[PDB]
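Chemist: The structure under discussion is supplied below as structure tokens; questions concerning it will follow.
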Amino acid sequence: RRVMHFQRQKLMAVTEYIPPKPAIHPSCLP
Amino acid sequence: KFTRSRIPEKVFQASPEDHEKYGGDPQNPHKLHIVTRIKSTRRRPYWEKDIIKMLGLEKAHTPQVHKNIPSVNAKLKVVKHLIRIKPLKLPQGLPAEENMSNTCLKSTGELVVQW
Amino acid sequence: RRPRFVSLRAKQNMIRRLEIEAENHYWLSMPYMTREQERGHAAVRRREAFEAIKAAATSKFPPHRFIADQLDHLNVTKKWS
Amino acid sequence: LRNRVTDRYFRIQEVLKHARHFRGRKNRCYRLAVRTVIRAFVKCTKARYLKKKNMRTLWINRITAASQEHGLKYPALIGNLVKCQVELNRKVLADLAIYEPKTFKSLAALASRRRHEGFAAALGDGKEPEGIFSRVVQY
Amino acid sequence: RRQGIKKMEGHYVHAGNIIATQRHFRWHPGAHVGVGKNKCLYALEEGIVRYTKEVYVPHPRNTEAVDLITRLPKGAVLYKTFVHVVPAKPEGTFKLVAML
Amino acid sequence: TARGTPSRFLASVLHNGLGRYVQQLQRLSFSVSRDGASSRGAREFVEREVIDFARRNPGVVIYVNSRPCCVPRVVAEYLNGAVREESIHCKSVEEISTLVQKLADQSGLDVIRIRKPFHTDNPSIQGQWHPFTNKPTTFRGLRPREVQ
RNA sequence: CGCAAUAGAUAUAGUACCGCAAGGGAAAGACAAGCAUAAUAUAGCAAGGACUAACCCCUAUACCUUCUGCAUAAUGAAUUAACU
RNA sequence: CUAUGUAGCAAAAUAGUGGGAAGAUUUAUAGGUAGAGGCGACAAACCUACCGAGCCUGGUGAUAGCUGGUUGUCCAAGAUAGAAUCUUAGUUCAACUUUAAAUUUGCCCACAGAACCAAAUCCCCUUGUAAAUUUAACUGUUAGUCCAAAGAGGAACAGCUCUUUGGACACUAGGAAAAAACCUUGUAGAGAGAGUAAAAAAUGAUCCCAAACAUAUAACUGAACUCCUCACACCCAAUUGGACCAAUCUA
RNA sequence: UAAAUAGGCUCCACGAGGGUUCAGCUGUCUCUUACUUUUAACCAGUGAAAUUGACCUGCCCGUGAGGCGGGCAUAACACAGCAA
RNA sequence: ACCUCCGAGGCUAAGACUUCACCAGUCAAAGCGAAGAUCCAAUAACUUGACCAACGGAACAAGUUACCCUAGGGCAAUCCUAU
Ligand SMILES: [Mg+2]
Ligand SMILES: [Mg+2]
Ligand SMILES: [Mg+2]
Ligand SMILES: [Mg+2]
Ligand SMILES: [Mg+2]
Ligand SMILES: [Mg+2]
Ligand SMILES: [Mg+2]
Ligand SMILES: [Mg+2]
Ligand SMILES: [Mg+2]
Ligand SMILES: [Mg+2]
Ligand SMILES: [Mg+2]
Ligand SMILES: [Mg+2]
Ligand SMILES: [Mg+2]
Ligand SMILES: [Mg+2]
Ligand SMILES: [Mg+2]
Ligand SMILES: [Mg+2]
Ligand SMILES: [Mg+2]
Ligand SMILES: [Mg+2]
Ligand SMILES: [Mg+2]
Ligand SMILES: [Zn+2]
């Protein structure tokens with residue numbers, strides 16, 4: 001689990017998965 | 001090893017979603033590119049230092065004009081990450097032998113006469 | 001220690017550069033000519049420019065020498081009287 | 001002895017004259033005066049960059065103080081005077097804050113006005129008529 | 001050792017110039033390209049070099065090849081590379097020598 | 001070096017440009033040897049440049065004498081009392097003309113570090129800042145946490 | 001187009017002095033450093049930017065030579081003058 | 001044998017304690033043995049304080065692939081393939097560098113093309129460029145460190161030896177705390193002008209270690225990069241080219 | 001010896017040779033103490049030497065340490081000790 | 001690579017290739033005729049050889065310096081332990 005070069009770190013951070021927000025919260029609506 | 005990068009052509013294919021996102025058009029493309037350097041040649045391989053020295057982009061931002069023909073694009077596809085390319089716009093036409101000394105290039109990329 | 005903690009400012013800087021280069025991708029997928037159309041249209045200018053380089057390189061030679069410059073050095077003893 | 005330097009005195013005094021104001025033996029002994037004088041001149045050269053940087057940071061501090069006197073941070077003042085197309089720089093902004101308080105009061109009022117116009121515009125839906133101060137003047 | 005091509009396609013090669021130095025027969029000789037004892041390929045006639053893919057029909061006098069072609073199905077063929085030199089200049093010209 | 005050098009503030013002689021500009025240089029003495037080799041540029045200047053300079057500056061009294069006998073020099077005197085010497089030995093006529101014009105184009109103050117680049121005698125118009133500008137006042141002038 | 005008292009001979013002298021001896025072999029005669037007048041005051045390569053103001057504020061890892069760069073890793077320098 | 005002394009009283013002494021003290025003892029005086037030699041109850045012991053080879057003068061300014069040094073101003077080009085060598089602490093050739101000179105193509109580069117048994121590489125029409133080859137003449141460097149990557153050796157580790165492609169360093173400047181090797185940035189001066197680049201954390205042994213802060217609109221700050229007013233030869237080692245010049249003597 | 005890795009070809013005499021043991025003796029020690037002399041510290045005279053880049057010469061933690069970074073401390077100045 | 005696995009000691013002539021120098025080495029159209037270095041020695045000769053295998057080769061030289069002197073340089077495969 002070695003460390004990464006810093007620029008590879010930034011590339012991994014910027015390209016991180018962002019999930020699609022659900023239209024409504026399930027708790028307060030089916 | 002570290003080697004020159006051959007970019008697949010698939011990337012250089014404007015989509016119907018890209019066309020309305022920038023002020024362009026598939027048909028009737030644009031004559032000249034206005035190109036500026038926004039990154040250092042240092043810390044990059046020599047086959048980019050030489051390209052930049054050839055396109056006249058030695059100095060920093062300092063915009064410079066080039067043809068939009070594939071013989072030059074092949075060079076700009078190697079240094080595409082150290083430059084900003086915008087398309088020159090001529091909404092008043094090429095200047096005449098008069099109005100050469102009274103031109104001006106606005107930040108939007110339009111060449112105009114008498115400011 | 002060795003690992004770092006990539007900030008938000010760095011992410012925003014990187015996204016700025018990514019967007020600029022995506023625009024660059026776009027402005028290179030539409031050339032005015034094709035490979036065959038362009039061929040030769042700049043030949044005359046290139047030939048004349050290299051001929052200018054040649055004529056510059058083949059003109060080196062010592063400068064002239066004038067008698068006036070040599071005799072002007074006698075002025076280093078000019079006196080009033 | 002055919003040739004002997006007859007004027008080493010003046011070459012020494014050329015370097016000591018720049019060290020009379022030093023402290024220690026290194027204001028009369030050449031072997032030390034030279035090294036410290038050279039360091040002095042190198043700092044003298046390299047210090048102009050810091051002079052500019054420091055005066056600018058002093059001006060930013062004074063402007064932050066003055067602008068906070070009127071309930072308005074420094075990001076707002078500069079980032080919303082330019083949106084009113086006033087190209088006053090920071091030296092003259094500091095001078096106004098110290099020596100012309102009411103003019104600076106007016107400039108701060110203008111900045112707050114433009115800030116409010118921006119907030120109101122962005123809060124709205126569409127391109128409703130622009131603010132009375134938010135209208136750009138073209139060249 | 002440097003056993004590789006030394007004149008690539010579309011190069012002007014004069015008489016006697018070596019086209020390719022090889023160990024095995026990677027590139028077989030073609031039109032105007034001669035072979036030496038060490039399998040070097042050299043340009044017999046001044047011209048321009050080209051590379052092509054052709055059909056292979058070995059000498060019956062040779063044995064290690066005349067038999068392998070005998071072990072191939074109907075409709076089979078051994079294709080192989082060749083290097084030719086299309087000659088550039090003509091053999092000669094005729095000029096007036098005497099008007100008698 | 002700055003620390004190792006005097007300094008002054010930006011100033012003029014007698015509020016020079018306020019009423020009427022006055023030219024500070026008032027006297028200029030040239031010593032030119034009639035024979036010395038170092039006095040060649042000086043001799044050229046006197047022979048073909050000093051008359052024109054005298055005409056262009058009628059407030060400057062220019063004396064020229066021929067008794068240093070080996071070395072020239074120009075001594076410029078000003079209204080405010082300052083003197084200033086300059087060497088013109090082994091210099092060209094172009095250099096001497098440029099120098100003499102420079103002398104005639106400056107006030108006789110000291111050439112030292114000007115601390116400020118702007119000198120103003122009435123720096124404030126609206127009243128210089130003091131900690132009670134931009135600060136309110138309260139009823140009857142009470143300090144915080146008072147009673148009466 | 002040789003030196004001018006650290007040069008020119010080593011030389012005022014092969015003396016003084018060193019060595020048992022062979023032998024070695026000098027010096028000199030006509031306001032530099034160091035101090036005193038006047039000890040010092042938080043803080044730090046001793047300076048620079050400055051400042052009304054000496055300190056206080058901000059900046060600032062001595063020099064030469066050797067090792068791939070060397071925080072001084074190591075070598076050399078108390079300092080002045082002359083000679084090199 | 002111990003203590004003092006260690007620039008000491010002394011370049012081996014002082015105080016005590018000790019061995020011999022009619023003998024192979026100790027000792028004054030003159031003579032002899034002379035340096036690869038003498039003498040030696042052999043310890044490489046001693047031959048005028050320093051003997052595994054005295055001392056002085058001469059050859060001698062010994063030689064030194066080793067250490068140390070090498071003196072005015074300013075500008076400019078300028079760096080890590082390799083081969084042989086009683087050779088790896090060095091030299092010669094090449095490669096690279098510099099100057100002067102001649103000539104005309106040099107670099108980048110698509111399409112075509114390079115075998116049977118993944119990155120890319122080679123080659124050229126055009127195109128962007130202005131450089132490249134050749135000749136004359138010299139010196140200097142040469143088997144460097146770190147980082148990304150692909151391999152071989154040691155685990156796939158030991159911050160490990162080696163080969164290759166690239167970058168940086170030994171050159172400027174700003175950042176990550178200090179920071180040669182990461183990120184940003186080069187062509188140089190003055191300015192009390194301006195715009196930017198990179199750049200902030202999330203959820204065992206002397207003495208913890210910036211202080212703080214959950215919610216006032218996202219922009220601002222930030223270089224020698226760039227723009228601005230003026231001026232311009234005026235920020236690399238070894239090396240190489242050039243412009244000036246202090247002081248002395250002579251005409 | 002309480003306890004031991006130590007000591008225990010024949011061949012008188014001798015040894016500042018090496019090892020061991022009995023008995024005694026004693027500040028060697030358990031455990032140091034007092035006094036005297038020299039040294040010492042002060043006054044007066046005479047007066048060196050190694051050493052020395054410059055110093056306006058702090059502590060803790062980190063980096064790779066009086067001097068760098070981040071915290072802490074901090075009016076100046078002798079005299080006698082100590083040795084991290 | 002003391003990394004990974006094995007052996008060897010006819011003449012003339014355009015043009016080229018090469019073991020990253022040089023020295024060596026290599027291919028060759030046409031044309032004419034037939035089908036491991038240098039120096040040394042013996043030599044009329046046409047030319048000739050061993051060593052140079054430390055194989056770019058001193059013509060012929062080993063063991064050793066505890067008496068030495070000078071110039072200088074100086075995140076463990078196998079494992080121990082706790083959850
Ligand atoms: Mg700035
Ligand atoms: Mg003498
Ligand atoms: Mg003498
Ligand atoms: Mg003095
Ligand atoms: Mg230290
Ligand atoms: Mg020392
Ligand atoms: Mg010598
Ligand atoms: Mg050697
Ligand atoms: Mg340069
Ligand atoms: Mg080509
Ligand atoms: Mg610049
Ligand atoms: Mg005995
Ligand atoms: Mg005393
Ligand atoms: Mg420490
Ligand atoms: Mg003390
Ligand atoms: Mg070769
Ligand atoms: Mg034939
Ligand atoms: Mg050998
Ligand atoms: Mg060999
Ligand atoms: Zn709920």
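By order in the structure tokens, chains are A, B, ...; within a chain, residues start at 1; ligands start at 1, following the order shown.
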Distance limit 10 Å, reference ligand 18, atoms considered: only C-alpha atoms (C1' of nucleotides) and all ligand atoms. Which residues make the cut? Give them as a list in words.

Modeler: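 Residues lying within 10 Å of ligand 18: residues 85, 86 and 87 of chain H; 54, 55, 56, 57 and 58 of chain J.
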
Chemist: Neighbours of ligand 4 within 10 Å, counting only C-alpha atoms (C1' of nucleotides) and all ligand atoms, as a PDB file with N, CA and C atoms (P, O5', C5', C4', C3', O3' and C1' of nucleotides), in the first residue's frame?

Modeler:
ATOM      1  N   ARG D  28      36.965  47.680   9.819  1.00  0.00           N
ATOM      2  CA  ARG D  28      38.298  48.196   9.569  1.00  0.00           C
ATOM      3  C   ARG D  28      39.266  47.148   9.051  1.00  0.00           C
TER       4      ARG D  28
ATOM      5  P     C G  31      48.158  60.819   8.013  1.00  0.00           P
ATOM      6  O5'   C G  31      46.955  60.202   8.857  1.00  0.00           O
ATOM      7  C5'   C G  31      46.717  58.801   8.888  1.00  0.00           C
ATOM      8  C4'   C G  31      47.492  58.133   9.993  1.00  0.00           C
ATOM      9  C3'   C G  31      46.766  57.032  10.749  1.00  0.00           C
ATOM     10  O3'   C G  31      46.768  55.782  10.094  1.00  0.00           O
ATOM     11  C1'   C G  31      47.787  58.491  12.293  1.00  0.00           C
ATOM     12  P     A G  32      45.742  54.650  10.576  1.00  0.00           P
ATOM     13  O5'   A G  32      46.166  53.359   9.764  1.00  0.00           O
ATOM     14  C5'   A G  32      45.203  52.660   9.005  1.00  0.00           C
ATOM     15  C4'   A G  32      45.637  51.255   8.696  1.00  0.00           C
ATOM     16  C3'   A G  32      45.448  50.237   9.798  1.00  0.00           C
ATOM     17  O3'   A G  32      44.111  49.792   9.892  1.00  0.00           O
ATOM     18  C1'   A G  32      47.562  49.947   8.783  1.00  0.00           C
ATOM     19  P     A G  33      43.210  50.177  11.154  1.00  0.00           P
ATOM     20  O5'   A G  33      43.288  48.887  12.068  1.00  0.00           O
ATOM     21  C5'   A G  33      42.834  47.632  11.588  1.00  0.00           C
ATOM     22  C4'   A G  33      43.773  46.523  11.985  1.00  0.00           C
ATOM     23  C3'   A G  33      43.880  46.252  13.471  1.00  0.00           C
ATOM     24  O3'   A G  33      42.867  45.382  13.929  1.00  0.00           O
ATOM     25  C1'   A G  33      46.043  46.420  12.538  1.00  0.00           C
ATOM     26  P     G G  34      42.001  45.766  15.212  1.00  0.00           P
ATOM     27  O5'   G G  34      43.092  46.016  16.332  1.00  0.00           O
ATOM     28  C5'   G G  34      43.913  44.966  16.810  1.00  0.00           C
ATOM     29  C4'   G G  34      44.825  45.452  17.899  1.00  0.00           C
ATOM     30  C3'   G G  34      44.150  46.194  19.026  1.00  0.00           C
ATOM     31  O3'   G G  34      43.611  45.310  19.980  1.00  0.00           O
ATOM     32  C1'   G G  34      46.115  47.332  18.349  1.00  0.00           C
ATOM     33  P     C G  35      42.117  45.489  20.508  1.00  0.00           P
ATOM     34  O5'   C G  35      42.263  46.538  21.684  1.00  0.00           O
ATOM     35  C5'   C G  35      42.149  47.923  21.429  1.00  0.00           C
ATOM     36  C4'   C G  35      43.034  48.727  22.336  1.00  0.00           C
ATOM     37  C3'   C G  35      42.394  49.945  22.981  1.00  0.00           C
ATOM     38  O3'   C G  35      41.715  49.641  24.179  1.00  0.00           O
ATOM     39  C1'   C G  35      44.397  50.579  21.945  1.00  0.00           C
ATOM     40  P     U G  80      43.197  41.398   7.744  1.00  0.00           P
ATOM     41  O5'   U G  80      44.314  42.493   7.984  1.00  0.00           O
ATOM     42  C5'   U G  80      43.949  43.783   8.415  1.00  0.00           C
ATOM     43  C4'   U G  80      45.147  44.656   8.614  1.00  0.00           C
ATOM     44  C3'   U G  80      46.096  44.744   7.444  1.00  0.00           C
ATOM     45  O3'   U G  80      45.661  45.644   6.448  1.00  0.00           O
ATOM     46  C1'   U G  80      47.322  44.367   9.411  1.00  0.00           C
TER      47        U G  80
END

Chemist: Neighbouring residues of ligand 5 are defined here as those with any atom at most 8 Å from a ligand atom, counting only C-alpha atoms (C1' of nucleotides) and all ligand atoms; list them as an NGL selection string.

Modeler: (:G and (72)) or (:I and (65-67))

Chemist: Quick one: residues within 12 Å of residue G:83, only C-alpha atoms (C1' of nucleotides) counted, chain neighbours fewer than 6 positions away excluded, as a list in words?

Modeler: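 Those residues are residues 1, 4 and 5 of chain D; 6 and 7 of chain G.
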
Chemist: For stretch 11-17 of chain A, list every protein, DNA or RNA residue within 10 Å, evaluated using only C-alpha atoms (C1' of nucleotides), and leave out those in the same chain fewer than 3 positions away; present the list as a ChimeraX atom specification.

Modeler: /A:4,6-8,20 /C:5-8,10-12,14-15

Chemist: Go ahead and dump the residues you just picked, N, CA, C and O atoms, as a PDB file, in the first residue's frame.

Modeler:
ATOM      1  N   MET A   4       1.590   7.296  -3.438  1.00  0.00           N
ATOM      2  CA  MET A   4       1.568   7.700  -4.834  1.00  0.00           C
ATOM      3  C   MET A   4       2.250   9.050  -5.004  1.00  0.00           C
ATOM      4  O   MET A   4       2.232   9.896  -4.110  1.00  0.00           O
ATOM      5  N   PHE A   6       2.500  12.805  -6.022  1.00  0.00           N
ATOM      6  CA  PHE A   6       1.457  13.750  -5.637  1.00  0.00           C
ATOM      7  C   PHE A   6       0.490  14.020  -6.783  1.00  0.00           C
ATOM      8  O   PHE A   6      -0.725  14.088  -6.572  1.00  0.00           O
ATOM      9  N   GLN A   7       1.002  14.184  -8.003  1.00  0.00           N
ATOM     10  CA  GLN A   7       0.108  14.494  -9.112  1.00  0.00           C
ATOM     11  C   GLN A   7      -0.842  13.341  -9.385  1.00  0.00           C
ATOM     12  O   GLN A   7      -2.010  13.559  -9.724  1.00  0.00           O
ATOM     13  N   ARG A   8      -0.368  12.108  -9.237  1.00  0.00           N
ATOM     14  CA  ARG A   8      -1.290  10.989  -9.322  1.00  0.00           C
ATOM     15  C   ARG A   8      -2.327  11.063  -8.217  1.00  0.00           C
ATOM     16  O   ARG A   8      -3.484  10.686  -8.423  1.00  0.00           O
ATOM     17  N   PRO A  20     -25.313  10.048  -8.303  1.00  0.00           N
ATOM     18  CA  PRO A  20     -26.448  10.918  -8.638  1.00  0.00           C
ATOM     19  C   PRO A  20     -27.378  11.058  -7.442  1.00  0.00           C
ATOM     20  O   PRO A  20     -27.851  10.064  -6.888  1.00  0.00           O
TER      21      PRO A  20
ATOM     22  N   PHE C   5      -2.712  15.191   1.252  1.00  0.00           N
ATOM     23  CA  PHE C   5      -4.104  15.289   1.688  1.00  0.00           C
ATOM     24  C   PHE C   5      -4.915  16.165   0.743  1.00  0.00           C
ATOM     25  O   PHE C   5      -5.642  17.059   1.175  1.00  0.00           O
ATOM     26  N   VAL C   6      -4.854  15.869  -0.557  1.00  0.00           N
ATOM     27  CA  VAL C   6      -5.127  16.836  -1.620  1.00  0.00           C
ATOM     28  C   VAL C   6      -6.276  17.760  -1.262  1.00  0.00           C
ATOM     29  O   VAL C   6      -7.397  17.313  -1.000  1.00  0.00           O
ATOM     30  N   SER C   7      -6.005  19.058  -1.291  1.00  0.00           N
ATOM     31  CA  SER C   7      -6.929  20.067  -0.810  1.00  0.00           C
ATOM     32  C   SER C   7      -8.051  20.268  -1.823  1.00  0.00           C
ATOM     33  O   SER C   7      -8.124  19.591  -2.851  1.00  0.00           O
ATOM     34  N   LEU C   8      -8.947  21.206  -1.532  1.00  0.00           N
ATOM     35  CA  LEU C   8     -10.005  21.534  -2.475  1.00  0.00           C
ATOM     36  C   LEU C   8      -9.523  22.546  -3.501  1.00  0.00           C
ATOM     37  O   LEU C   8      -9.928  22.501  -4.672  1.00  0.00           O
ATOM     38  N   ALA C  10      -6.590  22.712  -4.818  1.00  0.00           N
ATOM     39  CA  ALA C  10      -5.867  21.982  -5.851  1.00  0.00           C
ATOM     40  C   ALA C  10      -6.825  21.305  -6.818  1.00  0.00           C
ATOM     41  O   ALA C  10      -6.595  21.304  -8.034  1.00  0.00           O
ATOM     42  N   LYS C  11      -7.899  20.711  -6.300  1.00  0.00           N
ATOM     43  CA  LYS C  11      -8.893  20.108  -7.176  1.00  0.00           C
ATOM     44  C   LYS C  11      -9.467  21.140  -8.132  1.00  0.00           C
ATOM     45  O   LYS C  11      -9.640  20.871  -9.326  1.00  0.00           O
ATOM     46  N   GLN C  12      -9.780  22.331  -7.624  1.00  0.00           N
ATOM     47  CA  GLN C  12     -10.362  23.355  -8.487  1.00  0.00           C
ATOM     48  C   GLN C  12      -9.363  23.831  -9.535  1.00  0.00           C
ATOM     49  O   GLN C  12      -9.733  24.059 -10.694  1.00  0.00           O
ATOM     50  N   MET C  14      -6.965  22.012 -10.856  1.00  0.00           N
ATOM     51  CA  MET C  14      -6.866  20.942 -11.836  1.00  0.00           C
ATOM     52  C   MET C  14      -8.088  20.914 -12.744  1.00  0.00           C
ATOM     53  O   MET C  14      -7.964  20.658 -13.948  1.00  0.00           O
ATOM     54  N   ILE C  15      -9.276  21.175 -12.198  1.00  0.00           N
ATOM     55  CA  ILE C  15     -10.470  21.178 -13.034  1.00  0.00           C
ATOM     56  C   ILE C  15     -10.445  22.354 -13.997  1.00  0.00           C
ATOM     57  O   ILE C  15     -10.897  22.237 -15.142  1.00  0.00           O
TER      58      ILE C  15
END

Chemist: Neighbouring residues of ligand 14 are defined here as those with any atom at most 10 Å from a ligand atom, counting only C-alpha atoms (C1' of nucleotides) and all ligand atoms; list them as JSON, numbers by chain.

Modeler: {"I": [60, 61, 62, 63, 65]}
